[PDB]
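# Architecture and fold: a report
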Amino acid sequence: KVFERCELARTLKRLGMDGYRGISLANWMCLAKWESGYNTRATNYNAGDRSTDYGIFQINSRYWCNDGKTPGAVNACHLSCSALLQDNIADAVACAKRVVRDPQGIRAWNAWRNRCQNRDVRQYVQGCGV
């Protein structure tokens, strides 16, 4: 599923994401935007270390979900990577929260640093009613 902007913002808010561990809704929207363009089916294989990023948040298989084909990987979110490809993003969200419970927080995702950190991310939630 490819969410529309405001549709995603409200979905995320409903799921307890606004300000989770100090991360505002706008930041999560900025992350989802740059990671997958609000696309839950999105997947990217990383030839360099043979791992794969899954879903709307492009979560990596080496450390967060199990896809059975990533070498010496772990499954911290305790989910099949397939769960990160559903139209229903509740599992993707539970996993995204798990990722930020670690020291780096939202800095876990490089795309956030490159395109969201220290920027005016107000535009991602404006007019959405969140």
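Bear in mind the residue numbers are our own, running from 1 along each chain as written, so they may not match the entry, and residues with no coordinates are left out. The side-chain values count all of the structure's non-hydrogen atoms but skip hydrogen atoms and water molecules.

We define a salt bridge as a side-chain nitrogen of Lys or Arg found within 4 Å of a carboxyl oxygen belonging to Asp or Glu. One pass over the full model with this rule turns up four salt bridges. The closest approach of N and O atoms between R122 and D120, which form a salt bridge, is 2.9 Å.

Take the pairing of strand β2 (residues 51–54) next. Every second residue of β2 is oriented toward a common face, with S51 and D53 on one face and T52 and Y54 on the other, all of them buried. Paired strands, as defined in this entry, are two strands with at least two bridges between them according to DSSP. Counting from the N terminus, the helices are DSSP H or I runs at least four residues long and the strands are E runs at least two residues long. Two elements, strand β1 (residues 43–46) and β2, share four bridges in a ladder whose sense is antiparallel. If you follow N44 over to β2, its bridge partner there is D53. Turn length for the β1-β2 hairpin, with the two strands adjacent in sequence and antiparallel, is four residues, and the turn residue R50 shows positive phi of about 45 degrees. One ladder, built from two bridges, connects β2 with strand β3 (residues 59–60); its direction is antiparallel. Among the inter-strand pairings, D53 is bridged to a residue of β3, identified as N60. As consecutive antiparallel partners, β2 and β3 are separated by four residues, and within that stretch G55 has a phi angle of approximately 75 degrees, a positive value. Burial classes: relative accessible area under 20% of the type maximum marks a residue as buried, over 50% as exposed, and values in between as partly exposed (1.4 Å probe, protein chains only).

The next point concerns the layout of surface pockets. The way it works is a 1 Å grid over only the protein atoms, where trapped points that fit a 1.4 Å probe form a cavity and open points with protein on both sides within 12 Å along at least five of seven lines form a pocket, and then any residue with an atom within 4 Å of a point lines it. Grid points are joined across faces, edges and corners, and a volume is the space filled by probe spheres set on the points. Empty space within the largest pocket amounts to approximately 310 Å³. Elements with a minimum of two residues in the lining of the largest pocket: β3 and α4 (110–115). A breakdown of the residues in the lining of the largest pocket according to their chemical character gives seven nonpolar, four polar and three charged. When residues are grouped by polarity, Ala, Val, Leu, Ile, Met, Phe, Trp, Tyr, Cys and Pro land in nonpolar, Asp, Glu, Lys and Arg in charged, and all others, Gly among them, in polar.

Now for the nonpolar core. We define the nonpolar core as a collection of buried residues of types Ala, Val, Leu, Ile, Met, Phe, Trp, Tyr and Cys that are connected through side-chain atoms lying within 4.5 Å of one another. One finds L8, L12, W28, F57 and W109 to be the most contacted residues of the largest nonpolar core, which totals 42 residues. For this core, the secondary structure elements donating two or more residues are α1 (5–14), α2 (25–36) and α3 (90–100). Here this core takes seven residues from α2, the largest share from any one element. Contacts are assigned to residue pairs that have any heavy atoms within 4.5 Å of one another. Once you skip the residues sitting within four places of it in the chain, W109 turns out to touch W28, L31, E35, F57, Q58, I59, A96, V99 and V100.

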